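>>> What shape does this take:
(14 chains, ligands or ions: 1)
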Amino acid sequence: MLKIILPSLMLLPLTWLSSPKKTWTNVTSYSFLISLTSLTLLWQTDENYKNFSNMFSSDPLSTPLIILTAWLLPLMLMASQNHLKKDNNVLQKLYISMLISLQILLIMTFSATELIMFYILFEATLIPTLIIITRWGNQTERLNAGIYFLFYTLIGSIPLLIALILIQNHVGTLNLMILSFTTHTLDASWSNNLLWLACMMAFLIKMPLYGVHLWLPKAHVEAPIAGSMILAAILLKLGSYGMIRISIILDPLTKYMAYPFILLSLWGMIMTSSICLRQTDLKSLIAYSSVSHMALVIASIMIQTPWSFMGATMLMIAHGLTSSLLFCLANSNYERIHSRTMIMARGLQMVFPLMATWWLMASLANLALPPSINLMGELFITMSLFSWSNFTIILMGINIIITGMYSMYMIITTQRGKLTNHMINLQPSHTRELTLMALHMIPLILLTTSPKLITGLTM
Amino acid sequence: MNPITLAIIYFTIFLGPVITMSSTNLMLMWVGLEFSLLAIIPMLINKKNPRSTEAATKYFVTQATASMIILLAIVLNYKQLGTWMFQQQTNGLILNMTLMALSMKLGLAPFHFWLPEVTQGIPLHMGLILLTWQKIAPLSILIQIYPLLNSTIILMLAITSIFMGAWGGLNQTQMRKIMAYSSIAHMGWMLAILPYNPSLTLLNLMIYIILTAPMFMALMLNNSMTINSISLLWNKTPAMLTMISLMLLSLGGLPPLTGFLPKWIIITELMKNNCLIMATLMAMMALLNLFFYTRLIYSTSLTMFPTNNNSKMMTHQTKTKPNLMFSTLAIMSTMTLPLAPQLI
Amino acid sequence: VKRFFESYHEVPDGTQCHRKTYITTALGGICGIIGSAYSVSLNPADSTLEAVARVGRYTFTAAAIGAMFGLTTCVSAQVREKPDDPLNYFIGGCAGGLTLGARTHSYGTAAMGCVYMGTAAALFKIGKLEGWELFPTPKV
Amino acid sequence: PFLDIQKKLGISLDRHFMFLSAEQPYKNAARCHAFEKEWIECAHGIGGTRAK
Amino acid sequence: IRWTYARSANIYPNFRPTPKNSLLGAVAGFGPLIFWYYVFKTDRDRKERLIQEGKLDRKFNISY
Amino acid sequence: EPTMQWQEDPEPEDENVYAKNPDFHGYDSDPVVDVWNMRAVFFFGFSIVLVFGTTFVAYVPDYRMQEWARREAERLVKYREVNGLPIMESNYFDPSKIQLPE
Amino acid sequence: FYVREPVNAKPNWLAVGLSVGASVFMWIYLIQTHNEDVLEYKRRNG
Amino acid sequence: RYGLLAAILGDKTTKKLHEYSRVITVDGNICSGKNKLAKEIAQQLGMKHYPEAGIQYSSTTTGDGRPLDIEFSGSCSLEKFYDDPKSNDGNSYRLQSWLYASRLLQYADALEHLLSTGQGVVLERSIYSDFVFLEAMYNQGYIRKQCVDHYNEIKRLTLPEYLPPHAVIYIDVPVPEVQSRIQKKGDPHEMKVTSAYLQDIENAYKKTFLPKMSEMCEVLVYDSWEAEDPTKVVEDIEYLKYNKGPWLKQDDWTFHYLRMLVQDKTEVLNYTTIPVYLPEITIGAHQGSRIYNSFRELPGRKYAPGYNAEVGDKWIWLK
Amino acid sequence: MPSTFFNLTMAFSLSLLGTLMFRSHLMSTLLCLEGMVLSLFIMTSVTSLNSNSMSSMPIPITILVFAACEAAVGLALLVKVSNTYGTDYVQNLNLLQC
Amino acid sequence: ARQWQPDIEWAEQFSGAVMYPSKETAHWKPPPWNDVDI
Amino acid sequence: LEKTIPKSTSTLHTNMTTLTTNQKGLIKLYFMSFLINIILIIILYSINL
Amino acid sequence: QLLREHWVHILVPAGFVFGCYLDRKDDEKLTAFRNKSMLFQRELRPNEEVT
Amino acid sequence: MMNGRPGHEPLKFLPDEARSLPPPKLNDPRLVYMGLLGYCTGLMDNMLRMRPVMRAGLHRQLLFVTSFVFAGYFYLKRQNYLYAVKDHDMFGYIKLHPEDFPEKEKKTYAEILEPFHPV
Amino acid sequence: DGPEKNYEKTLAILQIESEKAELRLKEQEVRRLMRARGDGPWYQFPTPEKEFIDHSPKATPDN
Ligand SMILES: Nc1ncnc2c1ncn2[C@@H]1O[C@H](COP(=O)(O)OP(=O)(O)OP(=O)(O)O)[C@@H](O)[C@H]1O
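Numbers count the residues shown, from 1 in each chain, chains lettered A, B, ... in the order given. See below for the structure:
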């Protein structure tokens, strides 16, 4: 694993000392080399999981996130290469360093076994994000947004830690697969119930429900492309991975400790998908769509069925990539205009003839057009939920419909009307942003082709 | 203050605690306490301005009552047994009085409403000592007598300090008073852990010191004792920020830094000893300290406030005050979490 | 002799409302006296008249809070016969916070107090049941 | 104690009269000399909770 | 710009809580969740008692 | 007397890059740097990563044994079909070595 | 070229050589002590 | 160096405070014979003369000593003030504050020179003398009471900690003669000042500066021709005494603390760069950042003095 | 012995009240401090001479000297206060609350 | 457009000796900058 | 969902801070408070033995 | 010259080398159970030195 | 805590008893990290005094690094000693009092009943 | 290399971690017993010494 980390810990001094004319290219290409080397984990010949020490490990549920992160790093770099163009070399170097620290932390956590290490990394993820969001935004409320982000996250963090302590004491160790081979069952009293809470509350507060979805839009809006990318892609996924790895112990509590959370997740999926219709701000629309899909993820995580877990992982990866892509497109249309509003720029596709086909290929992946990992996940999760009850296809379908609606609303208020006549600032497409779109897409094709990699624990 | 006087006073200040600790007699302890008190008052009152004099009066009065109370305790112990030292056979009221006095002498709450006023009246190079070389002997006294204490009131006092310090820090702008409230809270953490494992109070104290001293160095730099006077650091000297931000987040106790480790292993001990409720309160109310550190991070680094023209006349100049130990302690605070086991 | 505060758990939640209510009202008066003493020693006012008026405001307020809370929890325990379950104490704390809000003339404070105090009481009951000790003694 | 500088140097400055039955100047023994000499001898070799 | 401001951020400041508003809010936040919940709980209890009896034809439900 | 505005530079203007470097690519205003960085991106991320990564993966063997297992099932089914045993017993562990209460 | 070339205008050979010498002596004492401890440890535990 | 150590070692101040180790001002109005007079005085009394601190004292002392660009230096313009006052920009106050600060730097370096070597100094208009201009501005209406209060606060903060000047000469020339000298010199900006301006200057001087300071420093009011005859001034000052002031309420150790404070070239200005927000001087982060970047891009200011390589330093990898 | 000792402890408590409650002066507080110190010195010497212990007698001397010096610096501070305000009152110290 | 940075109306809610003067009792005056009162 | 969780916490902590820093610098009051605390501690020990 | 510029490209390869070496050292540790397991317990055929 | 154990030689950094313990191979990651800390501290001091970083104060950096290591070495020895002592005392007390630790030999999953918890 | 490598590595790791868990779950108990009954070297609180006492005649037989 050091083979993945150490070079990512060398990109930093590399950035510091390299000359301005060359740091961008050098660090970018070498981060791509890191992404490449990050595939050794896929030599999972047999079912014996990979273990490198008492301090690291890998797994089928973690490897995807690792590669996706090591591959979203350079895309953040590139998408962060036209703005802050008049900001000093030292400042842009700081930005690069923060991105790289995010990468390294995310890798170490998605790999680590001991949930306490996982937790310290899960909470160290903040500093770079808070910074990136406050020191490089474009509005004023970014401050309140960062505050909300930080404090939601830490409120979650605390009882999680307290329960990790209670465990480490009652049980002997915290190492995973030992928690498995020596788990037990609980008398199911108010004590163990509040323990279940203090263990899942943080992961949920992070992966937003209806009740606490508030810090997502502010972040994705006030913050720049890279922060938006990384939020929509991974910093949510951390909660899901933690919940998956930890729920192994709390059996059986999660049968009746789920109804409220499943209910909230579904209702929130619906209401947020509806708001996605009448939400002006494009990035806010995208954020609420992300909420709508992560609600499915959660409803599939709780009930603990194998189909459900595989669908969760599929939809997870798919949404990560697709949201990064949509945010790239938004930023693109913003740098030329400097207004997030959806109804200002209209009737494109007459001057950006190609870009549309990078807009289209995203929506179709949002509304679950097959053959896509998106629909595979949505469908397996709907199957699990139908088994768990026959009266949830209702909500699945309402969500599918409202999505099929607002995805096209977005396509049609930006690439289907008639062109304005005062947007003389429409610098044509840059090879760079076209490349970012292509790189976010192509992997969707290859994974639609061969998804056995992207299944999960149960496959 | 001529050099002979300066040297003698610094010597007595460096002595008081040394005796208070190395002595096994409570009278010698009380003596060292009085040494610190006396030898310090001047350093507070040197400027001879009204505010300094007022702060001196407050400080002296409170610490006098405290010392006399501790003396009453010792004498009652004498009448009771005969020895000048505390044993495991002393009526708990005496311990409770000793604890009230030590608290009032430290700054714990609700005996704390005199620390912010004084620390606002004082300059920096004496508030630093007031917070980092006067809270040692009073803590050594406890280190000696931790077994037979009253956990109930110790915990009530600690958590009360947590709450009140945080709630006051949410408002106070004056950085001196902010630092004072932070001291209150951290000493609350210590007293909370104390009767279970003292080494952890030692650790919390050393860490709070290593985080405070360099902040006060960065302040002594400019005599910027206000938020709108420190926000101008990015135009006076844009270098201290990459370390001030870290140190304040640390004082808050963010995991990847070191300021977290104390709270972490402390909660561990309290969970071993079944105090998880108060542990939860402490952990869920340190977040306000974290808050009003973040709110200064904002003002200084993450966003640039309006400067003042004459700062150009300043920048034309130079400055070589900031010695090496500042950076040394900053680093050995922020980037030393991997070495917690080697710290225990 | 501390019996006036220990008797609260001689019987379970159930009858003896005339006792549980006196006890909760006593706690109300105590907390009121204490908070009033602090807010009189500090943040003083003009006349002893207004000072003791503030004191009595606080004291009667807390007394009524404790009375209403303990009474609700002795009544629910009687009717909804699932005594040990803490929803009794939660509803009682909600009614108490609502009384506090009706006194202070603030619906927001009413609801805030409902939530916070009710959950606090439910946790007190959870502790009394599962032996969670407060102000412990050191045995690592 | 806390900082055993005294025991390290093998000296004594205060701890030679920390209690009652120490060496009084002109051999004038105190009131409860014997009872102290027994309490201490029972509380030696062991620590604290044993003696209490 | 002003339209966006009024739809996005000028809301809470000029917002004043009153009844029928608190009422509609509590409704939208409580009612439907609880309806769906009673539905699901009744269904699950039906299924559970059916299985405990040992009747519900589960043939071919090998993957779930 | 009425009021004054805090001295501040004016709002910069909206410009064009293609007016001075119609060979643009999006990265920098230095053409050589643009060219070399875009060639780096493409090569290191279209020629090597995508291609060699896809190749590696596609030629990975028996990912999580979904091939060895098919083989093993074929062999076991042959064995049992011949020997008359059933293809799947409703009890996994030997109920003999096991022991139960009353 | 300045007008008031201050203290930093030229090096302090005293402190330079002092630091280098103390560093070298730290290194050498470290190595000697480590080798001594290795010898003695192997001696006392085979 | 002058830490406490050199003092303990012997490099004190009283051991070189000899005769004529004094400090003087030669104040008056705009075009009196100030510079010729002060230079005559300096030559006759072996002191050193410090010219009138303007808008470039800092840039000329620090670095390679060349008049820097206005963006880095204050952003004021005396010519633009004389041409267009009352504008919506703020030149009046963002010039007066800058000039006060530079004058303060002057006085500080002067006390340093003195307390290090008793060789006395002569000063033109000083920090005590740089408030009549502001009072004239306000009385004419060029400026806001808020800015006046800001200035008075800065003064209350800095002015005290330093020691007033032993001797103070005041040259009294009225508006008509001052205007004659103006027109003789010739300048399209000086040519446009107002007799009321100069009259307010004179009034403020002769009302505040003289009584205030006759109680804690020696004064000498002279006229045009008595100045044109300098030597008389020299002999007056020589045979004059220097009672009634703080400068003898001091000793080695207060002199030492004062010298340390002065030598500290930012303990003088941590109370002049204070955060009180006025749209006159108040500058935004964008401008401040741009200017700091350009300055640190300049040669000789990128790094500290003894480290900039390009300029032609060496041994830059040991110190 | 026990009676007089309890009474001396009562006197200490009374000086405690005198110091912890003011009547718009400062010399009263300092005099109550002196009363505390006197009661303590007395109780200690009594304990010693009752136990017939001798080596423990230096302690009253020590603490009496320290109380002398303490009250001395307190009086110096009182004096600076009076000479910088105009009197030794207590309600003049409304500063530092900002 | 460009990064919005703070300004006077944002910084002059801190100049007050204490944040959050939600009460009338927060009617005090800022403290001097040299620790001297008139 | 904003008036409930975050703005409620804000108002609450804000008011508690207003209280705990509405204090004026009067020893005549600080000492009375110290005395109340001493009384409390003594009484608690007495009850709990 | 040019190495001051074109040397930086040596770090990352060196980092990868160091990483593989550290993993090799870790795997050389934990050498216990080299062949003592109960599902890959061989006879150590001649001339076939240990894993 | 343990400062009263049998014959706790007071204020002695490393007793002779701490020569029968394997010292740390100088390649140890902890010492290496302290070296990095010294280097970064020199960097920070230079950037604070406004000096060329990575090419100034070489003697300063050497001093920092070597001091940090020269300390870490012996501090780490002391800590290894403390942990060894803790473990030794624990095992000794266990060997003294076995009854306080009944060697409960668990039962097989055959004899023990794992209760069920479906889905 | 082969799967057996990772297999046996996993096995050694599990052994280590289980032994660690055992040690900690025993250390808690040991420390508890020591603190509660002082039967051990740890938590040996400080007692009055016995070397600064006199065993010489004291000018009067009694005492
Ligand atoms: N505080 C001030 N504010 C604005 N302008 C000033 C200020 N002080 C001086 N000036 C301008 O600077 C110029 C100084 O020239 P001045 O006549 O004083 O020369 P001098 O030093 O008297 O020598 P001489 O007059 O013999 O040439 C004046 O024309 C005056 O307008």
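
>>> Residue H:30: neighbour count?
For residue H:30, the count of nearby residues is 17 (other C-beta atoms under 10 Å in any protein chain shown). Quick note: C-beta positions are derived from backbone N, CA and C, even for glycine.

>>> for the closest residue to it other than its chain neighbours, what are its contacts?
Nearest residue to residue H:30, sequence neighbours excluded (C-beta to C-beta, 6 or more residues apart in numbering or on different chains): residue H:178, at 6.1 Å. Applying C-beta atoms under 8 Å, 6 or more residues apart in numbering or on different chains to residue H:178 gives the contacts H:29-32, H:198.

>>> again, but for residue A:234
Taking C-beta under 8 Å, 6+ apart, we find residue A:234 in contact with A:65, A:68-69, A:72, A:106, A:320.

>>> out of the contacts of residue H:178, what pair is the most spread apart?
H:32 and H:198 (11.5 Å; C-beta to C-beta).

>>> Excluding chain neighbours, what is closest to the residue in chain M that chain I sits nearest to?
Residue of chain M nearest chain I, by C-beta to the nearest C-beta: residue M:10 (25.3 Å). Nearest in space to residue M:10, with sequence neighbours left out and distances taken as C-beta to C-beta, 6+ apart, is residue D:4 at 3.8 Å.

>>> Can I get whichever helix in chain F runs longest as CSV, trimmed to CA atoms?
Ranked by number of residues, the top helix in chain F under DSSP state H is helix F:68-83. Extracted C-alpha coordinates of helix F:68-83, given in CSV (Å, rounded to 0.1, in the frame of the first residue of the first chain):
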residue,chain,number,x,y,z
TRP,F,68,-12.5,-22.3,-10.6
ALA,F,69,-15.9,-22.6,-8.9
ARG,F,70,-17.8,-23.4,-12.1
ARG,F,71,-15.1,-26.0,-12.9
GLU,F,72,-15.5,-27.4,-9.3
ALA,F,73,-19.3,-27.6,-9.6
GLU,F,74,-19.1,-29.4,-12.9
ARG,F,75,-16.8,-32.0,-11.3
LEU,F,76,-18.8,-32.4,-8.1
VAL,F,77,-22.1,-32.8,-10.0
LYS,F,78,-20.5,-35.5,-12.2
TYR,F,79,-19.3,-37.3,-9.1
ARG,F,80,-22.6,-37.1,-7.2
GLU,F,81,-24.9,-37.8,-10.2
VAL,F,82,-22.9,-41.0,-10.8
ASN,F,83,-22.6,-42.1,-7.2
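
>>> ok, is that helix in contact with chain N or not?
No. Contact of helix F:68-83 with chain N is not found when judged by C-beta under 8 Å from any C-beta of the partner chain; the minimum separation is 11.2 Å.

>>> Can you give the contact residues for that helix?
Under C-beta under 8 Å, 6+ apart, the answer for helix F:68-83 is A:46, F:62, F:86-87.

>>> Over to stretch G:3-11?
The contact list for stretch G:3-11, computed with C-beta under 8 Å, 6+ apart, reads B:320, G:2, H:1, H:61, H:63-65, H:304-307, H:315, H:318-319.

>>> in it, what's buried?
Residues of stretch G:3-11 classed as buried by neighbour count (16 or more other C-beta atoms under 10 Å in any protein chain shown): residue G:8.

>>> Show the end-to-end separation of it, please.
For stretch G:3-11, the first-to-last residue distance is 18 Å (C-alpha to C-alpha, to the nearest Å).

>>> With stretch A:442-455 instead?
Its start and end residues considered, stretch A:442-455 measures 19 Å (C-alpha to C-alpha).

>>> and residue 68, what element?
This is for chain A. Using DSSP states H and E, residue A:68 sits in helix A:63-79.

>>> Sorry, I should have been clearer: chain M.
With DSSP H and E as criterion, residue M:68 is part of helix M:58-96.

>>> does that helix come close to chain A?
No. In terms of C-beta under 8 Å from any C-beta, no part of helix M:58-96 sits within range of chain A; the closest distance is 15.0 Å.

>>> That helix and chain D, any residue contact?
No. Judged by C-beta under 8 Å from any C-beta, helix M:58-96 stays clear of chain D, getting no closer than 14.1 Å.

>>> tell me what that helix is packed against?
helix G:13-44, helix M:29-48, helix N:3-37 (3 or more C-beta pairs under 8 Å, 6 or more residues apart in numbering or on different chains; DSSP states H and E).

>>> let's see 6 Å
On a contact count with 3 or more C-beta pairs under 6 Å, 6 or more residues apart in numbering or on different chains; DSSP states H and E, helix M:58-96 meets helix G:13-44, helix M:29-48.

>>> near chain L at all, the last one?
The reference is to helix M:29-48. No. Counting by C-beta under 6 Å from any C-beta of the partner chain, chain L has no neighbours in helix M:29-48; the shortest distance is 9.5 Å.

>>> and the helix or strand that contains residue B:60, how far out from the chain's middle?
For residue B:60, the element it lies in under DSSP H and E is helix B:50-80. Distance of helix B:50-80 from the chain centroid (C-alpha atoms, centre = their mean, to the nearest Å) equals 19 Å.

>>> any residue of it up close to chain D?
No. Using C-beta under 6 Å from any C-beta, helix B:50-80 stays clear of chain D, with a minimum separation of 9.6 Å.

>>> Give me the buried positions along that helix.
Judged by neighbour count (16+ other C-beta under 10 Å), helix B:50-80 contains these buried residues: B:50-79.

>>> follow-up on the earlier one: could you single out the most deeply buried of the helices and strands packed on helix M:58-96?
helix M:29-48 (a mean of 19; mean count of other C-beta atoms under 10 Å in any protein chain shown).

>>> ranges for the helices of chain J?
Taking DSSP H as the criterion, chain J carries its helices at J:8-11.

>>> Once you drop chain neighbours, what's closest to the closest residue to the ligand within it?
Nearest residue of chain J to the ligand, counting by C-beta to the nearest ligand atom: residue J:33, 24.2 Å away. Excluding its sequence neighbours, the residue lying closest to residue J:33 (C-beta to C-beta, 6+ apart) is residue H:274, at 5.7 Å.

>>> sorry, back to before: quick one: which of the contacts of residue H:178 is nearest chain K?
Nearest to chain K among the contacts of residue H:178 is residue H:29, at 49.5 Å by C-beta to the nearest C-beta.

>>> quick one: secondary structure of that closest one?
In three-state terms, and counting by DSSP: H, G, I helix; E, B strand; the rest coil, residue H:29 is coil.

>>> quick one: it from residue B:239, how far?
According to C-beta to C-beta, to the nearest Å, residue H:29 and residue B:239 sit 46 Å apart.

>>> Equivalent analysis for residue F:46, please.
Distance of residue F:46 to residue B:239, given as C-beta to C-beta: 42 Å.
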